[PDB]
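*Asks:*
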DNA sequence: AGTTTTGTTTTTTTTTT
DNA sequence: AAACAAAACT
RNA sequence: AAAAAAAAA
DNA sequence: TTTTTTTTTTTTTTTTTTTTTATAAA
DNA sequence: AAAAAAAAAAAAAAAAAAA
DNA sequence: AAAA
Ligand SMILES: Cc1cn([C@H]2CC[C@@H](COP(=O)(O)OP(=O)(O)OP(=O)(O)O)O2)c(=O)[nH]c1=O
Ligand SMILES: [Mg+2]
Ligand SMILES: [Zn+2]
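Given below as structure tokens:
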């Protein structure tokens, strides 16, 4: 059945009235709602929005008069066919269908005068549209029969004519037909003390048999009662979820602890398996939470329900006769009830504003949502069927979507004998006994809590509905039972039934047509208890992953970087360009639906081949026993199906298991000598991988390429892995177009002429184009992106954070992937383009020089791309000093003269020859940048405490390599580990024992070098912070942030200081501690950027003045804009102008009321600089709030010829108190809050009038 | 004795697959 | 980017 | 609207 | 081959030129 | 009054010619 | 107003 509701609302222009209505509609939950007298103009129709009723149709005039609206619930599929709106807003007709049945709804608001004739005229005008499926409802402003009035007076001739017209149209009064003897009313007329039914529901006589129920509903929103109709229609979808807001309730939390304990204590016994007991526990737990929520919600409304009952008790008696006592009290309570509803409504708005007030102009959800588009809902309206026809039947689309995904996963392979044959043909790694014992070790309680504490928050729960925040809240009681569960699984390899379930959601892939089923990616949601177990297993294998995976693969591997593959490939391209004979090819390959096509039986066989067996293997085997999924579409859950192939795309264990399977193919390609790779001096390069993304470098492609396709064809058979040969691009290099044509004819790949997009960057066929392709468009994009945002409503403080959030990440990624020597025009255009946006295309109010440092401007800091560029180019040196075999990208540059030089450059002796690196793209530029910084710092890098033993210094002496290794093993790796001067080898007994273990003749040579005074002096010096970055840190984590923080201090520049100018406008000198006090206050005055920005703007002299305008305009008119006649200096504007003086005098009266004693000194409120007596005082937090509120008040009317009033200051000061209140109780800082505002609140409430307090809604929140 | 520095810990967003 | 806590320099 | 690794603030 | 001179690039310093129309709230 | 831009000076490294 |  559907429900239709009609109500005259008597206006909706106030926001609160709209919220009350939304609450009332939500509680009624009508399928369709017809509202009259919205009083919204055609310009204000956007104001009417109600959650759950998105489809709304309105007719409105140009005045706040009349206005009607029809709202349809989101749960009702009403496809409209016709909408007719009255130009004056007295009626609206909408025609359409609900679940194939046609329906016509006419919402009418007749005028107070001539209502029966008006309605009759509308009926005639719409006669061609009012079919036998018509319902007419609204406020007719007239009775239809004698029973519609308490007077029982007969209806007039106009009403008689109207009734005749209704009869002519085959329309009847449904309410009167269903309740012929009803003496109920919808409107009360106080002038005559009478009651009448002037709101009506009329409809086609043909619909009478479908009318199940109709009733009148009293309300507090309007002076008219609503009417509801239930209509029979043929139907021809909810699952529980936890609400994290329910966990914060003290009472609720206290009770769940007891029941959780009680369940296990009662149930635990030998009659049931622990895997089953777990599912039973979750069932009971879900049942309890639903009961608690229902009770809580009802309990909350107990008072308002009592008042409603107490009214209702009397509200009906008034129909029989009117009694003064009832009449009077009814009127009193009916208004009082509206107060409670209003007060609780306001609270929910202030609680929202308080949350937003903390996150404004900061890098958090709100600011991100501002630049991003508004989220498009996840729903499928239509889809292209196999017949090629687009279709819209919900049942048909569900059938098509489910059939497609059910089919995909179903085909499991059965040719196990072939899988064994393939896995034997090649040499694969294996774990040793110690490593295998490391995996199969038992599970411990500490291992579990370590995971629970790390789970991500605010993530959608799995099908069972529990969230990560639940486990984190009850980890104290859950961990013991969770440990018992996993300990049971270890022994048996049998999981709880619920662990196999998962919910699928469909994601439309970027840049693809939504009309085709093939374009969407499924994302899987899994239960949190299941993900905890999978996380345990993944962390274990990750310890040993670097033994199984070769360095060629960098996707998902800890400590690797994606730019390794980029640089390595660019170097390879350069080599081919330089080559004199060209017979080479580069190929880019992508696996179609990589994670879904992996055959599970082959994946399990692979693990045994690598030596993984035992309990760890049994648990993995159990996981793939019988996984299933349920697709969720258009909000409703479809029938499950089995997942017989692939890996679960929303699982923490899937990324590693995929890599392990793919390595079987990589090892085969490298071990296959028929596929010729490329030779770079001592390096052979074949392949590079990032997850499923693969790139191959080949030589002699006519033979070499076909052998690759044969191998992959054989691998596809056993593993199910597949590639799209046509969507795979290649670069082909040949001496002649004849040869080129021949290769093109035989191969299936797409030959790219100019460039191939790869891992985020454009790879060019020739390295000369790197800048033009990668950096030139990046500028164009940023120039367009900031232009779109030019009118975004946020201050310069917010705009700065938008650049750091949106633009900075993509710039760094580019510098890091391709550090080529950029022309200075690039940085000029980049800075100009960015500042233009921050200052809203007007000349800057604060010089970029001042914003350069965190010490200044209260923590705001403008980004600096030139130093980020240097910090990235100079980062390569860390990989030179740390000498590692996993870094092959660092060895592929041309080495025509010598390949070894990069090991020797850092903290080692210089070379005479300068011809090396003549064609180096990356490294020659890095060296030049490294030296510039060292000479700027006035260092000798050539011989330092961090100089290695394996260095040219030692190798210039003629020493055996055996000697070098002997030293490094026993003593350490640096020359300082040996010792110099007087401590040559006597540094430790171990060294003195070692001294005889080396060749006498080499020892003689070492003594000479290590004892020289120069060697002693250079090695003994203390290491600088810059030197420690490269030598000390054995991890490259966070490296750019460190280098950048050093460059920021080395290149520090002198600037003007605005605080000195204040010291010149006033006749005083500020000490260094005072200038420091101001800087501190500007930072710590408040936790919200909304309040800090005001203080910063004041100190930094942000505002314009008549003096400045006179100079800029080349005029002599430097007189105060407020007409006081004096010269408009900046100190005059804030402190001295006679218009402003009364407000500051008022503030000092409040300070005296607080019993404080503070001099009348402008530096105190404007700058926060107190004299030495008060530097110890505690009331600074109270004063800070009073003063900042005064600065807002004065600034709001900067150039207005009028005095700032005290009442305006009180409003602003009270606004802050309201925002801080909810934050304090939310963060549980309520003790601090009371200490700050208690005294001030008492004073404020002591000076306002009861009328003023009421008018502005001022009342204590502490009391 | 007083303030400034140095490191870890918790919280945001963006890059690739 | 923030906050807290330990150590060193003024 | 889920997973992994990396980067910055 | 080695050392000094000359040429060029980059970074720092100083002077000269131009500006915006009020602000906070949104 | 204040911020940015343009001009000139200073220093260091590379390249060519002298010793 | 710039979330859920
Ligand atoms: C972008 C993205 C990717 N993944 C994983 C899972 C698959 C692999 C490969 O992704 P790919 O683009 O090749 O897609 P693929 O499945 O290979 O399908 P096509 O290559 O587009 O045919 O990455 C993920 O888990 N979440 C994501 O948001
Ligand atoms: Mg793929
Ligand atoms: Zn004045």
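Residue numbers (UniProt numbering): 7 to 242, 247 to 1273. All C-beta atoms, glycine included, are put in the ideal place defined by N, C-alpha and C.
For the stretch 1020 to 1040 and the stretch 949 to 965, state whether three or more C-beta atom pairs, one from each stretch, are separated by less than 8 Å.
*Replies:* yes
*Asks:* With a threshold of 8 Å, establish whether the CB of residue 839 neighbours any heavy atom of ligand 2.
*Replies:* no
*Asks:* Taking a contact to mean a Cβ-Cβ separation below 9 Å, would you say residue 932 touches residue 891 in this structure?
*Replies:* no
*Asks:* What is the C-beta distance between residue 347 and residue 314, in whole angstroms, given that I count them as a contact (C-beta under 8 Å)?
*Replies:* 7 Å
*Asks:* Leaving aside the five residues before and after residue 813 along the sequence, list all residues of the same chain whose C-beta is less than 8 Å from its C-beta, in chain order.
*Replies:* 844, 847, 848 and 873
*Asks:* When the Cα of residue 1229 is compared with those of 92, 546, 1070 and 369, which residue comes out closest?
*Replies:* 369
*Asks:* Considering only their Cβ atoms, is the gap separating residue 674 from residue 726 smaller than 9 Å?
*Replies:* no
*Asks:* Drop a sphere of 10 angstroms on the beta-carbon of residue 1110, count the other beta-carbons inside from all chains shown, and report buried for 16 or more, exposed for fewer.
*Replies:* Taking all protein chains in view, the Cβ of residue 1110 is crowded by 16 or more other Cβ atoms within 10 Å, so the residue is classified as buried.
*Asks:* Residue 641 to residue 67, Cα distance in whole Å?
*Replies:* Rounded to the nearest angstrom, the gap between the Cα atoms of residue 641 and residue 67 is 46 Å.
*Asks:* From this set, 266, 249, 248 and 247, which residue's C-alpha is nearest residue 256's C-alpha?
*Replies:* 266
*Asks:* Just to confirm the assignment, what range does the alpha helix (DSSP H) spanning residue 40 have?
*Replies:* Segment 38 to 42 is the beta strand (DSSP E) holding residue 40; no alpha helix (DSSP H) there.
*Asks:* Taking the C-alpha atoms as reference points, what is the distance between residue 962 and residue 910?
*Replies:* Straight-line spacing of the CA atoms in residue 962 and residue 910 works out to 12 Å.
*Asks:* Residue 26 and residue 351 look like a contact to me (Cβ under 8 Å); what is the Cβ gap, rounded to whole Å?
*Replies:* 6 Å
*Asks:* What residues come near ligand 1, if near means a beta carbon less than 5 Å from any of its heavy atoms?
*Replies:* Any residue whose Cβ sits closer than 5 Å to a heavy atom of ligand 1 makes the list: 602, 603, 604, 605 and 702.
*Asks:* Do you know offhand how far residue 903's Cα is from residue 824's?
*Replies:* Each residue's alpha carbon lies about 20 Å from the other.
*Asks:* Could you tell me the boundaries of the beta strand (DSSP E) in which residue 200 lies?
*Replies:* Residues 200 to 202.
*Asks:* Just the C-alpha distance for residue 1156 and residue 1197, rounded to the nearest angstrom, thanks.
*Replies:* 11 Å
*Asks:* With 16 other CB atoms within 10 Å as the buried threshold, where does residue 735 fall?
*Replies:* Around the Cβ of residue 735, a 10 Å sphere holds fewer than 16 other Cβ atoms; the residue is exposed.
*Asks:* Quick check: the stretch 468 to 486 against the stretch 504 to 514, are at least 3 beta-carbon pairs closer than 8 Å?
*Replies:* yes
*Asks:* Is the number of C-beta pairs between the stretch 804 to 811 and the stretch 825 to 838 that are closer than 8 Å three or more?
*Replies:* no
*Asks:* Taking the beta carbon of residue 1083 as the centre, do at least 16 other beta carbons fall within 10 Å, making it buried, or is it exposed?
*Replies:* So residue 1083 ends up on the exposed side.
*Asks:* Are residue 233 and residue 111 closer than 9 Å when you measure CB to CB?
*Replies:* Taking 9 Å as the Cβ cut-off, residue 233 and residue 111 do not qualify as a contacting pair.
*Asks:* Select from 1091, 105, 43 and 571 the residue whose C-alpha is nearest the C-alpha of residue 144.
*Replies:* 43
*Asks:* Taking the straight line between their C-alpha atoms, what separation do you get for residue 1194 and residue 1175?
*Replies:* 8 Å
*Asks:* For residue 1090 and residue 868, I'd like the C-alpha separation in whole angstroms.
*Replies:* 7 Å
*Asks:* Can residue 479 be considered in contact with ligand 3, in the sense that its beta carbon sits closer than 8 Å to one or more heavy atoms?
*Replies:* no
*Asks:* Tell me the residue span of the beta strand (DSSP E) that contains residue 97.
*Replies:* 97 to 104
*Asks:* If I measure Cβ to Cβ from residue 1209 and keep anything under 8 Å in the same chain, skipping five residues before and after, which residues do I get?
*Replies:* For residue 1209, the CB contacts under 8 Å within the same chain, skipping 5 residues up- and downstream, are 1131 and 1132 in chain order.
*Asks:* Whose beta carbon lies closer than 6 Å to any heavy atom of ligand 5, going through the chain in order?
*Replies:* For the structure depicted, ligand 5 is absent and the ligand set comprises only ligand 1, ligand 2 and ligand 3.
*Asks:* Report whether the distance from the Cβ of residue 1009 to the nearest heavy atom of ligand 2 is below 8 Å.
*Replies:* no
*Asks:* Does the distance between the C-beta of residue 918 and the nearest non-hydrogen atom of ligand 2 fall short of 8 Å?
*Replies:* no
*Asks:* How long is the line joining the alpha carbons of residue 833 and residue 606, rounded to whole angstroms?
*Replies:* 46 Å
*Asks:* How would you label residue 1238, buried or exposed, when you count the other beta carbons within 10 angstroms and need 16 or more for buried?
*Replies:* exposed
*Asks:* Taking all protein chains shown into account, do 16 or more other C-beta atoms lie within 10 angstroms of the C-beta of residue 585, making it buried, or fewer, making it exposed?
*Replies:* buried
*Asks:* What does a CB cutoff of less than 8 Å around residue 458 pick up in its chain, not counting 5 residues either side in sequence?
*Replies:* 489, 492, 493, 496, 542 and 546
*Asks:* Taking Cβ positions, are residue 215 and residue 140 nearer each other than 9 Å?
*Replies:* no
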